[PDB]
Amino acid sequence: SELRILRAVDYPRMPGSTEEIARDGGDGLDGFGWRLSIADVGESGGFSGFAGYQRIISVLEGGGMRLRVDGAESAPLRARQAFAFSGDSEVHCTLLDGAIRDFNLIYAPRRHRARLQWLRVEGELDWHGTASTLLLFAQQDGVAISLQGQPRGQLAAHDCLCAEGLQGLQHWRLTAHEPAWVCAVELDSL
């Protein structure tokens, strides 16, 4: 069991470019079970494939995008509107009005159960869940997090709590002074 608050100031950047927040482990863009990242998309163009993986993307900032997946055009995607597609698909991204930054979850579906939900913390919100892995990404600054009643720290914009190997039902409570959007990503192995 482990719990850490990952700081945006520590995220590495790789090649468009992507900032990886976390991964379960493994090497390269072919060796992980799951990976969470923030990407910068400055031009319309194709998305590289992640064969065998399931993808869920959300724009964070910018005018949005429209994704053509295997010839089929998605609806206009705006901030925090999660969209799921297969890494096996041929995807072209059309930027609606300029560069955007997005939030991406990529995972192997035959080995990891997943849940992804954007939530707006207004004062306080909470939930109970048995997920072994929780990634809680704060889009806006100022989200404090407690687990089983114990305060665990505060998140600044783009920081992300990462908890792994949790066992049993967990009670998570988020608090904030001003409305703050966060994305809760939960994963379970096999």
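Start at 1 and count along the sequence shown; that's the residue number.
Coordinates are absent for 4 to 9 residues of the deposited sequence placed between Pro15 and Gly16. Higher mean CA temperature factor between 134-142 and 23-31: 23-31, per the PDB entry.
Taking only CA atoms, the mean B-factor in the PDB entry is higher for 71-79 than for the other of 106-114 and 71-79.
Sorting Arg66, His128, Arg55, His158 by the CA temperature factor given in the entry leaves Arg66 at the top. Out of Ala39, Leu147, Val121, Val59, the entry records its largest CA B-factor for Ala39.
For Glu186, the recorded CA temperature factor ranks within the lowest third of the chain's modelled residues. In the PDB entry, a CA B factor belonging to the lowest third of its chain's modelled residues is recorded for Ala84. Among all modelled residues in this chain, the alpha-carbon of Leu3 has a temperature factor (C-alpha) in the highest third.
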